[PDB]
$ cat query.cif   # mmCIF, C-alpha atoms and all ligand atoms; chains and numbers go by the auth columns
data_query
#
loop_
_atom_site.group_PDB
_atom_site.id
_atom_site.type_symbol
_atom_site.label_atom_id
_atom_site.label_comp_id
_atom_site.label_asym_id
_atom_site.label_seq_id
_atom_site.Cartn_x
_atom_site.Cartn_y
_atom_site.Cartn_z
_atom_site.B_iso_or_equiv
_atom_site.auth_seq_id
_atom_site.auth_asym_id
ATOM 1 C CA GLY A 1 -1.925 -21.909 25.720 0.00 364 A
ATOM 2 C CA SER A 2 -5.438 -22.924 24.726 0.00 365 A
ATOM 3 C CA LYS A 3 -6.301 -20.578 21.859 0.00 366 A
ATOM 4 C CA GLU A 4 -4.019 -22.000 19.178 0.00 367 A
ATOM 5 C CA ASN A 5 -6.133 -23.626 16.472 0.00 368 A
ATOM 6 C CA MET A 6 -5.159 -24.206 12.834 0.00 369 A
ATOM 7 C CA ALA A 7 -2.089 -21.974 12.994 0.00 370 A
ATOM 8 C CA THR A 8 -0.665 -23.703 16.048 0.00 371 A
ATOM 9 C CA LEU A 9 2.861 -24.025 14.682 0.00 372 A
ATOM 10 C CA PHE A 10 3.916 -21.299 17.078 0.00 373 A
ATOM 11 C CA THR A 11 2.668 -21.074 20.655 0.00 374 A
ATOM 12 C CA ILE A 12 3.895 -17.783 22.058 0.00 375 A
ATOM 13 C CA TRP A 13 3.811 -14.614 20.003 0.00 376 A
ATOM 14 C CA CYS A 14 6.630 -12.369 21.120 0.00 377 A
ATOM 15 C CA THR A 15 5.361 -8.931 20.137 0.00 378 A
ATOM 16 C CA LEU A 16 8.813 -7.586 21.000 0.00 379 A
ATOM 17 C CA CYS A 17 10.104 -9.813 18.210 0.00 380 A
ATOM 18 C CA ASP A 18 7.054 -9.405 15.938 0.00 381 A
ATOM 19 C CA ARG A 19 6.950 -13.194 15.680 0.00 382 A
ATOM 20 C CA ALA A 20 6.024 -16.295 17.624 0.00 383 A
ATOM 21 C CA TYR A 21 8.159 -19.227 18.667 0.00 384 A
ATOM 22 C CA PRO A 22 7.530 -22.987 19.207 0.00 385 A
ATOM 23 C CA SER A 23 8.237 -22.123 22.833 0.00 386 A
ATOM 24 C CA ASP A 24 9.048 -19.033 24.932 0.00 387 A
ATOM 25 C CA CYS A 25 11.075 -16.291 23.241 0.00 388 A
ATOM 26 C CA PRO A 26 14.825 -17.139 23.496 0.00 389 A
ATOM 27 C CA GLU A 27 15.408 -13.555 24.626 0.00 390 A
ATOM 28 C CA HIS A 28 12.210 -12.082 26.074 0.00 391 A
ATOM 29 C CA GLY A 29 10.862 -15.386 27.350 0.00 392 A
ATOM 30 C CA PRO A 30 7.077 -15.725 27.871 0.00 393 A
ATOM 31 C CA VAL A 31 4.792 -12.774 27.145 0.00 394 A
ATOM 32 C CA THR A 32 2.561 -11.698 30.014 0.00 395 A
ATOM 33 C CA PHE A 33 1.516 -8.368 28.504 0.00 396 A
ATOM 34 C CA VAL A 34 1.895 -6.128 25.474 0.00 397 A
ATOM 35 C CA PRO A 35 3.898 -2.910 26.088 0.00 398 A
ATOM 36 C CA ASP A 36 1.308 -0.814 24.271 0.00 399 A
ATOM 37 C CA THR A 37 0.583 2.286 26.309 0.00 400 A
ATOM 38 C CA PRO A 38 -2.684 4.002 25.263 0.00 401 A
ATOM 39 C CA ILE A 39 -2.670 7.790 25.080 0.00 402 A
HETATM 40 ZN ZN ZN B . 11.329 -11.686 21.862 0.00 501 B
#
$ encode --input "query.cif" --output "structure tokens"
Amino acid sequence: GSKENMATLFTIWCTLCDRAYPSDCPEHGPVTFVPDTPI
């Protein structure tokens, strides 16, 4: 994106995978939102 400084080895943090990838997640793809429902 445009917020990856220093630790810019990975671009897209797949929260579903608890890790980021050098590209989109090979399963979940890009991450548009976090599935964290507040209650
Ligand atoms: Zn994933």
$ residues_near_ligand --input "query.cif" --ligand "ligand ZN 501 (chain B)" --cutoff "9 Å" --atoms "all atoms listed in the file" --output "ChimeraX atom specification"
/A:376-384,387-394
$ resolve_selection --input "query.cif" --expression "the PyMOL selection byres (((chain A and resi 373) around 7) and not hetatm)" --output "PDB file with C-alpha atoms, in the frame of the given file"
ATOM      1  CA  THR A 371      -0.665 -23.703  16.048  1.00  0.00           C
ATOM      2  CA  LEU A 372       2.861 -24.025  14.682  1.00  0.00           C
ATOM      3  CA  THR A 374       2.668 -21.074  20.655  1.00  0.00           C
ATOM      4  CA  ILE A 375       3.895 -17.783  22.058  1.00  0.00           C
ATOM      5  CA  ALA A 383       6.024 -16.295  17.624  1.00  0.00           C
ATOM      6  CA  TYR A 384       8.159 -19.227  18.667  1.00  0.00           C
ATOM      7  CA  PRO A 385       7.530 -22.987  19.207  1.00  0.00           C
TER       8      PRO A 385
END
$ axis_aligned_box --input "query.cif" --around "stretch 391-402 of chain A" --padding-each-side "4 Å" --output "JSON"
{"center_x": 4.8, "center_y": -4.0, "center_z": 27.1, "size_x": 22.9, "size_y": 31.5, "size_z": 13.7}
$ build_atoms --input "query.cif" --residues "stretch 364-377 of chain A" --atoms "N, CA, C and O atoms" --output "PDB file, keeping the file's coordinate frame"
ATOM      1  N   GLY A 364      -0.851 -22.185  24.740  1.00  0.00           N
ATOM      2  CA  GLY A 364      -1.925 -21.909  25.720  1.00  0.00           C
ATOM      3  C   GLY A 364      -3.131 -22.788  25.477  1.00  0.00           C
ATOM      4  O   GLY A 364      -3.069 -24.003  25.664  1.00  0.00           O
ATOM      5  N   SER A 365      -4.230 -22.180  25.057  1.00  0.00           N
ATOM      6  CA  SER A 365      -5.438 -22.924  24.726  1.00  0.00           C
ATOM      7  C   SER A 365      -6.280 -22.162  23.707  1.00  0.00           C
ATOM      8  O   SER A 365      -7.502 -22.305  23.662  1.00  0.00           O
ATOM      9  N   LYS A 366      -5.618 -21.350  22.890  1.00  0.00           N
ATOM     10  CA  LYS A 366      -6.301 -20.578  21.859  1.00  0.00           C
ATOM     11  C   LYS A 366      -5.548 -20.681  20.534  1.00  0.00           C
ATOM     12  O   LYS A 366      -5.623 -19.793  19.683  1.00  0.00           O
ATOM     13  N   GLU A 367      -4.823 -21.778  20.370  1.00  0.00           N
ATOM     14  CA  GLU A 367      -4.019 -22.000  19.178  1.00  0.00           C
ATOM     15  C   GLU A 367      -4.645 -23.086  18.310  1.00  0.00           C
ATOM     16  O   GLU A 367      -4.348 -24.270  18.467  1.00  0.00           O
ATOM     17  N   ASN A 368      -5.523 -22.685  17.404  1.00  0.00           N
ATOM     18  CA  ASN A 368      -6.133 -23.626  16.472  1.00  0.00           C
ATOM     19  C   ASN A 368      -5.728 -23.292  15.048  1.00  0.00           C
ATOM     20  O   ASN A 368      -5.510 -22.125  14.721  1.00  0.00           O
ATOM     21  N   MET A 369      -5.627 -24.328  14.217  1.00  0.00           N
ATOM     22  CA  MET A 369      -5.159 -24.206  12.834  1.00  0.00           C
ATOM     23  C   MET A 369      -3.694 -23.785  12.799  1.00  0.00           C
ATOM     24  O   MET A 369      -2.802 -24.624  12.662  1.00  0.00           O
ATOM     25  N   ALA A 370      -3.445 -22.490  12.949  1.00  0.00           N
ATOM     26  CA  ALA A 370      -2.089 -21.974  12.994  1.00  0.00           C
ATOM     27  C   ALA A 370      -1.511 -22.144  14.392  1.00  0.00           C
ATOM     28  O   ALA A 370      -1.355 -21.180  15.142  1.00  0.00           O
ATOM     29  N   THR A 371      -1.202 -23.383  14.739  1.00  0.00           N
ATOM     30  CA  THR A 371      -0.665 -23.703  16.048  1.00  0.00           C
ATOM     31  C   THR A 371       0.780 -24.187  15.922  1.00  0.00           C
ATOM     32  O   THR A 371       1.269 -24.975  16.734  1.00  0.00           O
ATOM     33  N   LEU A 372       1.457 -23.708  14.886  1.00  0.00           N
ATOM     34  CA  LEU A 372       2.861 -24.025  14.682  1.00  0.00           C
ATOM     35  C   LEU A 372       3.700 -23.295  15.718  1.00  0.00           C
ATOM     36  O   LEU A 372       4.711 -23.804  16.203  1.00  0.00           O
ATOM     37  N   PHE A 373       3.259 -22.098  16.063  1.00  0.00           N
ATOM     38  CA  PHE A 373       3.916 -21.299  17.078  1.00  0.00           C
ATOM     39  C   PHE A 373       2.962 -21.064  18.245  1.00  0.00           C
ATOM     40  O   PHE A 373       1.766 -20.846  18.045  1.00  0.00           O
ATOM     41  N   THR A 374       3.493 -21.104  19.455  1.00  0.00           N
ATOM     42  CA  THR A 374       2.668 -21.074  20.655  1.00  0.00           C
ATOM     43  C   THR A 374       2.630 -19.691  21.297  1.00  0.00           C
ATOM     44  O   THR A 374       1.591 -19.250  21.779  1.00  0.00           O
ATOM     45  N   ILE A 375       3.766 -19.018  21.311  1.00  0.00           N
ATOM     46  CA  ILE A 375       3.895 -17.783  22.058  1.00  0.00           C
ATOM     47  C   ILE A 375       4.388 -16.664  21.157  1.00  0.00           C
ATOM     48  O   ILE A 375       5.540 -16.664  20.715  1.00  0.00           O
ATOM     49  N   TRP A 376       3.498 -15.728  20.875  1.00  0.00           N
ATOM     50  CA  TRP A 376       3.811 -14.614  20.003  1.00  0.00           C
ATOM     51  C   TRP A 376       4.558 -13.539  20.769  1.00  0.00           C
ATOM     52  O   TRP A 376       3.975 -12.828  21.592  1.00  0.00           O
ATOM     53  N   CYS A 377       5.850 -13.424  20.516  1.00  0.00           N
ATOM     54  CA  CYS A 377       6.630 -12.369  21.120  1.00  0.00           C
ATOM     55  C   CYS A 377       6.453 -11.094  20.312  1.00  0.00           C
ATOM     56  O   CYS A 377       7.055 -10.936  19.251  1.00  0.00           O
TER      57      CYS A 377
END
